[PDB]
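First, the structure itself, so that you have it in front of you.
The letters A, B, C, D, E and F name the chains in turn, as written, and every chain counts its residues from 1.
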Amino acid sequence: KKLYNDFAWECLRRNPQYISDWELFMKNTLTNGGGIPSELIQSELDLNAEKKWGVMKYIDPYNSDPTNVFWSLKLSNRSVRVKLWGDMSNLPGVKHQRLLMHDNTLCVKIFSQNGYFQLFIXXXXXXXXXXXXXXXXXXXXXXXXXXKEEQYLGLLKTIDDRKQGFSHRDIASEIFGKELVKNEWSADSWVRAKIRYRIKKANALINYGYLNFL
Amino acid sequence: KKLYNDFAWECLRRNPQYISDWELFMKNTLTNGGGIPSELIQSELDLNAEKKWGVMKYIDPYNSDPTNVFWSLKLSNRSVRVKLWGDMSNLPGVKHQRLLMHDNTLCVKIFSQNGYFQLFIXXXXXXXXXXXXXXXXXXXXXXXXXXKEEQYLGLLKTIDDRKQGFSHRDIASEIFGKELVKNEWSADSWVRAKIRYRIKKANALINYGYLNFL
Amino acid sequence: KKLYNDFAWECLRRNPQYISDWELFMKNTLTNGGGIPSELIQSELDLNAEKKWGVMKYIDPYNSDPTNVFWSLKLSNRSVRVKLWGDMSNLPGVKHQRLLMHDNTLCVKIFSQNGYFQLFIXXXXXXXXXXXXXXXXXXXXXXXXXXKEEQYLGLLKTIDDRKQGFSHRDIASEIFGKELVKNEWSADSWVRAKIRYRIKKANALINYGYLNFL
Amino acid sequence: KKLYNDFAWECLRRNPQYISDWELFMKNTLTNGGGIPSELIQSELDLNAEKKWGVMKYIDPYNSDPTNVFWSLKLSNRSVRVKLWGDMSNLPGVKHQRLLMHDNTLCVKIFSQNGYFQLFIXXXXXXXXXXXXXXXXXXXXXXXXXXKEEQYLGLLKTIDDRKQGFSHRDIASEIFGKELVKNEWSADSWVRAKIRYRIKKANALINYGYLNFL
Amino acid sequence: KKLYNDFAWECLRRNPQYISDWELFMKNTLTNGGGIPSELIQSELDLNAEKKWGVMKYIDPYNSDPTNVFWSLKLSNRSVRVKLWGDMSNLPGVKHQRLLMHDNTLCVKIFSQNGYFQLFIXXXXXXXXXXXXXXXXXXXXXXXXXXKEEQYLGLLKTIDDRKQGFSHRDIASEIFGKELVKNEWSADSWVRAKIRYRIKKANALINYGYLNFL
Amino acid sequence: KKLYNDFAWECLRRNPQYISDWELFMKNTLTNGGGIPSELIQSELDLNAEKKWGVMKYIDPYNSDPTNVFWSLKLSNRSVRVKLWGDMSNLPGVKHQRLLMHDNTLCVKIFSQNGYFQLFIXXXXXXXXXXXXXXXXXXXXXXXXXXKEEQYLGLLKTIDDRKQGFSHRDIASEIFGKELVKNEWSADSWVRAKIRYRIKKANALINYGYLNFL
């Protein structure tokens, strides 16, 4: 089952350029390569996506489950470097997924219903010694996992409506009602401007604005 | 003096389309209209900018002081409707600016060194009665004014470097050093990918991503 | 069943002048008026009681259940003005009662086991904008309802003992014991002074002192 | 100078029966007794006032300074029994006053700008051992002294206006304005009912309602 | 069953001099006295142990249950003087034990799974009146009972290993492993110094260092 | 000036065996070695003291200033391993001292008026990743330094009195008074037992009991 929701992945998988990239990645691996890309191994093609989109591995954009969605250490604010486990990784209600990277570094994601956290490899982590710093909030976030976004997802729903063929007025009627739209829709109307603002907000998130959520 | 910094305004005033819009707005008002646009009155041309960019009045993009930068009620999460003052508006260290809107509604912004807050017109405000809701956080934000963003501004600094003519490698040397760049710059290098990610992050903020900060 | 206890009503319904007023109100409505006064409608006679005693409707003083006991907006510190619900009014454990006032204003009381709260008419309330004010405590009190007084009720129990015909010494024996009273009762004895202080405390509450508890 | 304000004393000294009692107490001590009643010693006449009014010593009702106003142990919720000091009693900003009682018990009041506290006689106090009890709040109140009431005093101001000869309408004009009163004053008017409610509230406090504030 | 663990008793009952004292106390009472020492009565011989070891009664050092282990008022930081109960002493999960002392003072210990507390004789206790003092922490500790030490007990386990005949190297192998000890054991080795430090730490606790834990 | 007080050092420097060890260490270095032991370098003789007493360097027991008193990593609960500073080490009111160890590891002590903290070598520290662990309290203790013990020092004062030649009765008179001692001193007296308990408590601290305070 889908444990958690990755909002940045919901933005990225709706990017038309990423969808085109993934379909190209599938075609050259199914008809020009070794075949189908559980045992996650980052290839060279996947590292191109990490340097371009942020995900360490090309993930099917049709699937909302972010189990195999790993975010680059160069971008993630929910990752730590760990040196050398069974206690943290086997709580009834906490799952984990592993990924072997191109530089032979092992990334393990710890996730539950409250989010995810990535560990790049007892368990010891080198925390930067900065007095009165919010760098310790990473440990608090990991504890919350082992223990506006509803409006943001509604913006992505509007993008799904557009790509289905619905017009701005169609989406306006869906949100405000047929009677309100017939009475107020105009050239410089505020109902039209609100729907346009929904598109602009979501487009900015989809066109790499999701990077600011990592 | 510049009391506070409006991060959304720092994004918007760097938008090339908004800069072009403002220069067009100045030309048709200086050579085709009544002349120069302290006594802020929202005209019809200003309301077009409110429905397009979010600011209730065209503001010179060259000035960082957000004194006369007013944000639309349709977008602002720092605004309330107030019905009918001298105590709140005259604290030593708290300033205020007024704007008369096209619909004859008066908007008064209360700001200090900790941010701004807009009041749309004793003083009584109709707060929505929702049990266990964060709608009361608006009153807490107003109290904080009457009593990552350093990284976000650094992203906009990179946009200023680009518009000046500096290349991606030039900006990479500015941040990481000439020696590191000469050794590591390549086609699919991570230093080049980091600089590209800076541009993408800032571009998303500039291209209406600032709306998610209102 | 009796959900909560209104201490101010316990004081008022023990007032001999109010009891006489209610019996007069019943006689002129049962033998001179339309008959018996679930569908609470404030008449002109009830508004006389609101301007005299504080309750918006004459309530039988023999009943301790304060379901239909409504307190005047001119006196209540547990009331708000609300403009235009099913979520707040239908929690398993929270009841409500309505009253239509003489000025056609609808008062709805929301009560549970932790107290009551009155709303005078989504749901929006005009809260006075006063910085660093305890006016927001009304919302906290309403949240506590939707989520010394044992000594004060003992004082009213002493009034019930007096109206039954028990003397001050009888009540002293009831509280301190027959042996203590026989040994210590005197003209200027402290046991007699304590019982007198009980009466004075309760009489002050009954003779409009309950108004300070609204 | 007057350090603090005793609200219960402000109620009691406005009681006409207490004022008559004090004037009788002065006459029988100035023309029938030893003369004038700094060295506070509770006599037999003072103990009659303690059993009747609550103050351990007859105090001039014309003086608002509650320095020599001591409240009976039988009524005070701000008193403790102490067994056997210079550290607590000599803080720059904390004063103290002593009273020798008729039963040879010494009462010492510790007061500052935040209130008063009475000690009835190192310093050790026998606190009742009750689990999860608010009896320890007496120590917190004493710490606050060594470290609605503005509306209540306004009610007593209305009593001062009445005893000066001002009518209910005069006081209504003082609070609401001459124009409002001339327009709204009537037989069953709400402006008249509000002023009547002020009197009733204050009268209840004055007629032994202050006992509930000790 | 054993409700709680008294760490000071775990130190004292491992003291060789106390074990010798108890065996002498048993011999002179079983072959020279009245016989066997539920009804705890402190004799003169027991008071010698109170002035020497701290326990008000000689307790068999072989038993870890500290039910009858009472600590002297001259040493205990978990004791109060109480003057004159059924509510506190009969919570489902809270037990109590009584001891009659040589000076006819009754000591009652209240204990549960969270520790013990001793009362030396309603229930009233004379608390010292000291402003901003931690003397009130005794009431908080008693409330916690009515509602490093795992490392310290491991130090006493090392003493048990020594008295059984195990050498320092034997205990080193028990803690660090046979392979580590064979490789690192030397004259001035750190593994030998760590085991020596364990002994010194525990010996200090056993040789009256437990007094600092009362 | 002496910034802070090291209680464990106050115990250790009063140890007669350590004082003898230090005098032997001085004699073999002043008449058999290189001479006098600001530039702290741990020699082989100093490491013998680290494995025996805990201090990384022999310190003159006559000096109470614990500036050059360093505690072994094998014993200190106020030390961390740090990998590679000017911000933390140069606060107006925070000093630091360095020591080069026999294994070429550099130990730097950061201390102020609130205590000391040792760092064994930006600045990064490998913190053990244990969920719901008190290992993070080391960072809180370091923050407190960069931002019963009065009774324990009184116990060491009693040891100073003994080594000066004062008897147990002399110390009893010093604490309780000449009159109390002359009246109560006996064979099995409690005043004599209290003084004996002071000695036993302090002796346990001095004879390696200080290790439990590191």
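Here are a few things to note about the model shown:
By definition in this document, contacts are C-beta pairs under 8 Å (C-beta built on N, C-alpha and C of every residue); 3 or more make two chains touch, one makes a residue touch a chain.
Note on connectivity: the fewest chain-to-chain touch steps from chain A to chain D number 3. Between A-F and E-F, more C-beta contact pairs join the chains of E-F.
Chain D and chain F, compared by their mean Cα positions, are separated by 58 Å.
Here the spacing of chain A and chain B, counted between their Cα centres, is 27 Å. Averaging C-alpha coordinates per chain places the centre of chain B 67 Å away from that of chain E. Multi-chain contact residues of chain B, defined as those touching 2 or more other chains: none present.
The cyclic arrangement of chains, taken from chain C and going next to chain D, is C, D, E, F, A, B.
Within the complex formed with chain B, the residues of chain A that make contact are 47-48, 51-52, 54, 74-75, 152, 188, 190, 193-194, 197, 200-201, 203-205, 207-209, 211-212.
Every residue of chain E that touches chain D in the complex is listed here, in rising order: 82-83, 87-88, 122-129, 131-132, 136, 139, 142-143, 146.
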